[PDB]
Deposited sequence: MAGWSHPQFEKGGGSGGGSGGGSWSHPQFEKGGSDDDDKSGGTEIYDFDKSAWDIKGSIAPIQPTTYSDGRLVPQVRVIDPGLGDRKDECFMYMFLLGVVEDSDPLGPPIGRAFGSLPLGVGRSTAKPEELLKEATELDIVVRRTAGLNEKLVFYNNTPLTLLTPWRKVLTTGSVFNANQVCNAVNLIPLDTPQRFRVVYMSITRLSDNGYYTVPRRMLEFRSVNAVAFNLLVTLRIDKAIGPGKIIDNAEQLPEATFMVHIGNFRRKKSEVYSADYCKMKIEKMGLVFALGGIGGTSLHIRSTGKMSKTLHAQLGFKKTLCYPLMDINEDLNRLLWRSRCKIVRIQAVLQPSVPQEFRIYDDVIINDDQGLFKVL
């Protein structure tokens, strides 16, 4: 039965994410389910009831086409004229391409010789305030520097079992003083549904010229796509955040050990 969930991290606009079944659409054969997948639609303004947006999404005729680039890809495009979902018409009518392993549990099972549809079965809406969200650019997150210390976080979620994931905040040039500096940042955390499951961080306090990091979104789709697929239709809660200071460049992992900081001085606030 289709269901809708509204998530408000709380740190008009709303990010819409659909979950559904990739299945055969030829009316001469059965609608055989090939894979379970997702369709991130992005941000858009809407004052419609979530149950009304869900009802329209379930009535859409969405086509899935498997293709390749560097890796397996899925192209999604819609055939049904829109009414309440007109804020997301750019993605639905222009069509979009995704990394298949990020939006699909088994792309290798989707056939090329038989037309496919994406039967929407579930919707997730994340309430926002800027008409989008801010993410750290890929080049900044992937950058490694000699004689630097990476400020990372190990976040533990309780799945309503536990699951952990690591986040990279930034780097600093190379003790109890670090625990106080992190407290001075005034970091606040919340979960969202950007790409399935996402972490939202906002620094309410003071920062010493970070330049990498006012609210950052860290979608689990980018951090660990496999775990993100596993948590697609589950309620999550942050139950622990630990700071993990580590070396940046791999040749320095031999020289410098990790320093794990546990929150005992109001370092991190979870909403």
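No C-alpha positions are given for the deposited-sequence stretches 1-72, 84-89, 239-253, 268-274, 314-318.
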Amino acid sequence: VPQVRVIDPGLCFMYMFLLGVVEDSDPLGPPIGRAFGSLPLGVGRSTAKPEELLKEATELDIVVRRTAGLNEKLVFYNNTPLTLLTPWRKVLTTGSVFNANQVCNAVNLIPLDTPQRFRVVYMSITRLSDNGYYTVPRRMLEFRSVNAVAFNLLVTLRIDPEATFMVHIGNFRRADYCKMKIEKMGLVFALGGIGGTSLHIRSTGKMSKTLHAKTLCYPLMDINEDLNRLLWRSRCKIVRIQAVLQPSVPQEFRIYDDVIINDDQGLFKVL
From here on, numbers count along this sequence of modelled residues.
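For the pair 142-150 and 191-199, the mean B factor over Cα atoms is greater in 142-150.
When 127-135 is weighed against 108-116, 127-135 comes out higher, by mean CA B-factor as recorded in the entry.
When the C-alpha B factors of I182, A100, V155, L85 are read from the deposited coordinates, the top value falls at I182. Of the candidates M221, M207, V64, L230, the deposited coordinates give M207 the top C-alpha B factor. Per the PDB record, residue ranking by Cα B-factor puts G186 in the highest third of the chain. Ranked by C-alpha B-factor against the other modelled residues of its chain, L18 falls in the lowest third. Ranked by Cα temperature factor within the chain, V91 sits in the middle third according to the deposited record. Among all modelled residues in this chain, the alpha-carbon of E72 has a temperature factor (C-alpha) in the lowest third. Annotation for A213: C-alpha temperature factor in the highest third relative to the rest of the modelled chain, per the entry.
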